[PDB]
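This report concerns only the one structure given below.
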Amino acid sequence: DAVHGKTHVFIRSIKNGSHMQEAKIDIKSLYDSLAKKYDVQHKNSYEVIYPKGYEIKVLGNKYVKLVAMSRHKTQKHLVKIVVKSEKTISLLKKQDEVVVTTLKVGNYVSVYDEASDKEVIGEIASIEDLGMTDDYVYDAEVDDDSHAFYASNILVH
């Protein structure tokens with residue numbers, strides 16, 4: 001289980017104790033930027049990074065500390081997951097998608113509605129095997145007990 005490098009996550013960073021910035025950035029960019037600002041560990045096949053003062057949006061529409069982050073090559077297939085949601089505005093239908101490594105069509109998952117800054121229930125609308133990949137895939141470790149974060153608005157472990 002990892003996510004693709006173009007996965008979007010909501011990140012907050014703090015400097016000098018008192019200043020903070022928040023933005024939506026792709027996970028490969030987060031890794032590449034943060035890999036230079038802070039520095040890399042190495043294990044059997046992980047390059048593992050330990051930032052401080054960075055946070056990520058998780059279950060509960062709250063930011064918790066991002067404790068570590070890593071990237072690695074995997075032999076596993078990338079899978080594109082499309083998740084539909086809708087709201088009563090007269091129905092506005094929305095969908096989001098994330099590609100993961102390794103859940104059933106029809107299952108419900110939590111979804112972040114960015115425009116209304118609230119969490120909604122989504123439906124697994126499709127699942128697609130995109131095949132193997134040579135690119136790095138990425139992993140994030142979160143301090144809250146949900147062990148989950150929002151990945152292109154979809155809650156993933």
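Residues are named by chain letter and number: chains run A, B, ... in the order of the structure tokens, numbers start at 1 in each chain, and ligands are numbered from 1 in the order shown.
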Using only C-alpha atoms, which protein or nucleic acid residues come within 10 Å of residue 156 of chain A? Drop anything in the same chain fewer than 4 positions from it, and give the result as a count of residues only. 17
Using only C-alpha atoms, which protein or nucleic acid residues come within 10 Å of residue 119 of chain A? Drop anything in the same chain fewer than 3 positions from it, and give the result as a ChimeraX atom specification. /A:59-61,110-114,116,122,153-155
With C-alpha atoms retained, export the selected residues as a tab-separated table (two decimals), in the first residue's frame.
```
chain	number	residue	atom	x	y	z
A	59	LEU	CA	-9.97	12.08	9.35
A	60	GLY	CA	-11.91	14.71	11.25
A	61	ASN	CA	-10.97	17.58	8.89
A	110	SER	CA	-14.73	9.27	3.57
A	111	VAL	CA	-14.25	12.19	1.15
A	112	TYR	CA	-13.04	15.77	1.70
A	113	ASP	CA	-15.22	18.37	-0.06
A	114	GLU	CA	-12.71	21.18	-0.54
A	116	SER	CA	-17.33	23.45	1.45
A	122	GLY	CA	-18.29	8.68	-0.99
A	153	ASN	CA	-9.70	14.29	-1.19
A	154	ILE	CA	-10.14	10.51	-0.51
A	155	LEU	CA	-9.27	9.04	2.89
```
Given only C-alpha atoms as the basis, pick out the residue of A:17, A:90, A:32, A:76 nearest to residue 52 of chain A. A:17
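Of the residues under consideration (A:117, A:134, A:26, A:123), A:123 shows the shortest atom-to-atom contact distance to residue 94 of chain A when counting only C-alpha atoms.
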If you run DSSP on the backbone here, which positions in chain A get strand (DSSP E)? Please write them as a ChimeraX atom specification. /A:3-4,8-15,19-26,40-42,47-49,54-58,62-72,78-88,91-101,108-113,118-131,137-142,149-151,154-156
Please save C-alpha atoms of the selected residues as a JSON list (two decimals), in the first residue's frame.
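Written out: again-v7.json:
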```json
[["chain", "number", "residue", "atom", "x", "y", "z"],
["A", 3, "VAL", "CA", 0.14, 6.24, -3.30],
["A", 4, "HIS", "CA", 1.22, 7.65, -6.66],
["A", 8, "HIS", "CA", -2.53, 15.62, -3.68],
["A", 9, "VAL", "CA", -2.37, 16.12, 0.10],
["A", 10, "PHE", "CA", -3.17, 19.06, 2.34],
["A", 11, "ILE", "CA", -0.11, 20.13, 4.28],
["A", 12, "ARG", "CA", 0.53, 22.73, 6.96],
["A", 13, "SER", "CA", 4.02, 23.87, 7.94],
["A", 14, "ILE", "CA", 5.25, 26.04, 10.82],
["A", 15, "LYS", "CA", 8.52, 28.07, 11.13],
["A", 19, "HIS", "CA", 4.27, 31.35, 11.54],
["A", 20, "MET", "CA", 2.45, 28.72, 9.49],
["A", 21, "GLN", "CA", 1.59, 28.19, 5.83],
["A", 22, "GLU", "CA", -0.90, 25.76, 4.38],
["A", 23, "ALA", "CA", -1.25, 24.62, 0.78],
["A", 24, "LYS", "CA", -2.24, 21.72, -1.43],
["A", 25, "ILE", "CA", 0.79, 20.05, -3.03],
["A", 26, "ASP", "CA", 1.57, 16.79, -4.83],
["A", 40, "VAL", "CA", 16.98, 11.24, 4.04],
["A", 41, "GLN", "CA", 17.23, 7.96, 5.90],
["A", 42, "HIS", "CA", 17.85, 4.67, 3.98],
["A", 47, "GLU", "CA", 14.32, 6.33, 1.56],
["A", 48, "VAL", "CA", 12.66, 7.63, 4.72],
["A", 49, "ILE", "CA", 12.37, 11.24, 5.70],
["A", 54, "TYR", "CA", 4.79, 19.63, 9.05],
["A", 55, "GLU", "CA", 1.19, 18.43, 9.30],
["A", 56, "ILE", "CA", -1.31, 16.72, 7.07],
["A", 57, "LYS", "CA", -5.09, 16.77, 6.83],
["A", 58, "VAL", "CA", -6.71, 13.59, 8.12],
["A", 62, "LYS", "CA", -8.03, 18.25, 11.19],
["A", 63, "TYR", "CA", -4.26, 18.56, 10.78],
["A", 64, "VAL", "CA", -2.02, 16.19, 12.69],
["A", 65, "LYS", "CA", 1.78, 15.88, 12.61],
["A", 66, "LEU", "CA", 3.36, 14.21, 9.62],
["A", 67, "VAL", "CA", 5.89, 12.11, 11.52],
["A", 68, "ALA", "CA", 7.67, 10.43, 8.62],
["A", 69, "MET", "CA", 7.36, 10.11, 4.86],
["A", 70, "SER", "CA", 8.98, 7.74, 2.41],
["A", 71, "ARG", "CA", 9.23, 6.67, -1.20],
["A", 72, "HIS", "CA", 10.18, 3.34, -2.74],
["A", 78, "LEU", "CA", -1.05, 0.77, -9.58],
["A", 79, "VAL", "CA", -4.82, 0.83, -9.19],
["A", 80, "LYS", "CA", -6.97, 3.86, -10.04],
["A", 81, "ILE", "CA", -9.86, 4.30, -7.61],
["A", 82, "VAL", "CA", -12.71, 6.62, -8.52],
["A", 83, "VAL", "CA", -15.00, 7.75, -5.71],
["A", 84, "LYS", "CA", -18.24, 9.57, -6.31],
["A", 85, "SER", "CA", -20.03, 12.00, -4.04],
["A", 86, "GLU", "CA", -22.87, 14.44, -4.55],
["A", 87, "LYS", "CA", -24.49, 17.31, -2.73],
["A", 88, "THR", "CA", -27.91, 18.93, -2.62],
["A", 91, "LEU", "CA", -28.01, 17.78, -7.44],
["A", 92, "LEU", "CA", -24.31, 18.52, -7.98],
["A", 93, "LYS", "CA", -22.43, 15.26, -8.59],
["A", 94, "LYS", "CA", -18.70, 15.04, -7.91],
["A", 95, "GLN", "CA", -15.98, 12.43, -8.12],
["A", 96, "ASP", "CA", -12.37, 12.19, -7.03],
["A", 97, "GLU", "CA", -9.67, 9.69, -7.87],
["A", 98, "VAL", "CA", -6.47, 8.26, -6.43],
["A", 99, "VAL", "CA", -4.09, 5.57, -7.72],
["A", 100, "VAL", "CA", -2.71, 3.15, -5.12],
["A", 101, "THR", "CA", -0.75, -0.08, -4.85],
["A", 108, "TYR", "CA", -18.26, 3.71, 1.18],
["A", 109, "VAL", "CA", -15.21, 5.83, 2.01],
["A", 110, "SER", "CA", -14.73, 9.27, 3.57],
["A", 111, "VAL", "CA", -14.25, 12.19, 1.15],
["A", 112, "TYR", "CA", -13.04, 15.77, 1.70],
["A", 113, "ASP", "CA", -15.22, 18.37, -0.06],
["A", 118, "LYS", "CA", -16.41, 19.43, 5.26],
["A", 119, "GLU", "CA", -16.28, 15.64, 5.10],
["A", 120, "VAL", "CA", -18.81, 13.63, 3.08],
["A", 121, "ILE", "CA", -19.54, 9.97, 2.34],
["A", 122, "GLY", "CA", -18.29, 8.68, -0.99],
["A", 123, "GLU", "CA", -19.03, 5.57, -3.04],
["A", 124, "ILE", "CA", -16.37, 3.44, -4.69],
["A", 125, "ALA", "CA", -17.46, 4.05, -8.28],
["A", 126, "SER", "CA", -14.75, 2.20, -10.24],
["A", 127, "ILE", "CA", -11.50, 0.35, -9.70],
["A", 128, "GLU", "CA", -8.86, -0.02, -12.43],
["A", 129, "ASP", "CA", -5.62, -1.95, -12.73],
["A", 130, "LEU", "CA", -3.11, 0.40, -14.39],
["A", 131, "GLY", "CA", -0.25, -2.14, -14.26],
["A", 137, "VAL", "CA", 5.47, 5.45, -4.92],
["A", 138, "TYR", "CA", 5.03, 7.25, -1.67],
["A", 139, "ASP", "CA", 3.94, 6.60, 1.89],
["A", 140, "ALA", "CA", 2.96, 8.93, 4.72],
["A", 141, "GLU", "CA", 2.91, 8.32, 8.46],
["A", 142, "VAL", "CA", 0.35, 10.25, 10.52],
["A", 149, "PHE", "CA", -4.91, 10.86, 5.44],
["A", 150, "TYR", "CA", -6.73, 12.56, 2.58],
["A", 151, "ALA", "CA", -5.20, 11.61, -0.80],
["A", 154, "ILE", "CA", -10.14, 10.51, -0.51],
["A", 155, "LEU", "CA", -9.27, 9.04, 2.89],
["A", 156, "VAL", "CA", -6.57, 6.31, 2.45]]
```
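Atom CA of residue 144 of chain A sits 23.6 Å away from atom CA of residue 39 of chain A.
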Atom CA of residue 75 of chain A to atom CA of residue 46 of chain A, distance in Å rounded to a single decimal: 13.7 Å
Backbone-only DSSP, helix (DSSP H, G or I) members of chain A, as an NGL selection string: :A and (27-37)
Next, dump the selected residues to file, keeping only N, CA, C and O atoms, as a PDB file, in the first residue's frame.
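Result file result-v1.pdb:
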```
ATOM      1  N   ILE A  27       2.443  14.827  -3.721  1.00  0.00           N
ATOM      2  CA  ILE A  27       3.276  14.095  -2.775  1.00  0.00           C
ATOM      3  C   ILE A  27       4.717  13.968  -3.270  1.00  0.00           C
ATOM      4  O   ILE A  27       5.655  13.992  -2.463  1.00  0.00           O
ATOM      5  N   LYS A  28       4.931  13.806  -4.584  1.00  0.00           N
ATOM      6  CA  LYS A  28       6.306  13.794  -5.081  1.00  0.00           C
ATOM      7  C   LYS A  28       6.989  15.139  -4.875  1.00  0.00           C
ATOM      8  O   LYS A  28       8.169  15.198  -4.509  1.00  0.00           O
ATOM      9  N   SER A  29       6.267  16.236  -5.116  1.00  0.00           N
ATOM     10  CA  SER A  29       6.810  17.561  -4.833  1.00  0.00           C
ATOM     11  C   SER A  29       7.110  17.722  -3.357  1.00  0.00           C
ATOM     12  O   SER A  29       8.163  18.239  -2.976  1.00  0.00           O
ATOM     13  N   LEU A  30       6.158  17.326  -2.502  1.00  0.00           N
ATOM     14  CA  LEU A  30       6.417  17.369  -1.070  1.00  0.00           C
ATOM     15  C   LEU A  30       7.676  16.607  -0.725  1.00  0.00           C
ATOM     16  O   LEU A  30       8.513  17.082   0.043  1.00  0.00           O
ATOM     17  N   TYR A  31       7.818  15.398  -1.266  1.00  0.00           N
ATOM     18  CA  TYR A  31       9.023  14.644  -0.969  1.00  0.00           C
ATOM     19  C   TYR A  31      10.256  15.361  -1.493  1.00  0.00           C
ATOM     20  O   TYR A  31      11.224  15.564  -0.756  1.00  0.00           O
ATOM     21  N   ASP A  32      10.240  15.759  -2.775  1.00  0.00           N
ATOM     22  CA  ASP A  32      11.429  16.379  -3.351  1.00  0.00           C
ATOM     23  C   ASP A  32      11.825  17.667  -2.652  1.00  0.00           C
ATOM     24  O   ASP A  32      12.991  17.875  -2.323  1.00  0.00           O
ATOM     25  N   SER A  33      10.851  18.552  -2.399  1.00  0.00           N
ATOM     26  CA  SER A  33      11.157  19.771  -1.657  1.00  0.00           C
ATOM     27  C   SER A  33      11.689  19.467  -0.265  1.00  0.00           C
ATOM     28  O   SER A  33      12.790  19.880   0.113  1.00  0.00           O
ATOM     29  N   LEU A  34      10.874  18.755   0.522  1.00  0.00           N
ATOM     30  CA  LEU A  34      11.234  18.378   1.882  1.00  0.00           C
ATOM     31  C   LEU A  34      12.494  17.516   1.934  1.00  0.00           C
ATOM     32  O   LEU A  34      13.202  17.521   2.951  1.00  0.00           O
ATOM     33  N   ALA A  35      12.779  16.746   0.875  1.00  0.00           N
ATOM     34  CA  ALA A  35      13.999  15.945   0.911  1.00  0.00           C
ATOM     35  C   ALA A  35      15.252  16.814   0.934  1.00  0.00           C
ATOM     36  O   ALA A  35      16.284  16.375   1.443  1.00  0.00           O
ATOM     37  N   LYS A  36      15.221  17.982   0.278  1.00  0.00           N
ATOM     38  CA  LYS A  36      16.313  18.961   0.348  1.00  0.00           C
ATOM     39  C   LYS A  36      16.307  19.809   1.622  1.00  0.00           C
ATOM     40  O   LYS A  36      17.353  20.016   2.234  1.00  0.00           O
ATOM     41  N   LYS A  37      15.147  20.236   2.089  1.00  0.00           N
ATOM     42  CA  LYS A  37      15.066  21.112   3.252  1.00  0.00           C
ATOM     43  C   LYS A  37      15.525  20.299   4.465  1.00  0.00           C
ATOM     44  O   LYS A  37      16.002  20.921   5.406  1.00  0.00           O
TER      45      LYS A  37
END
```
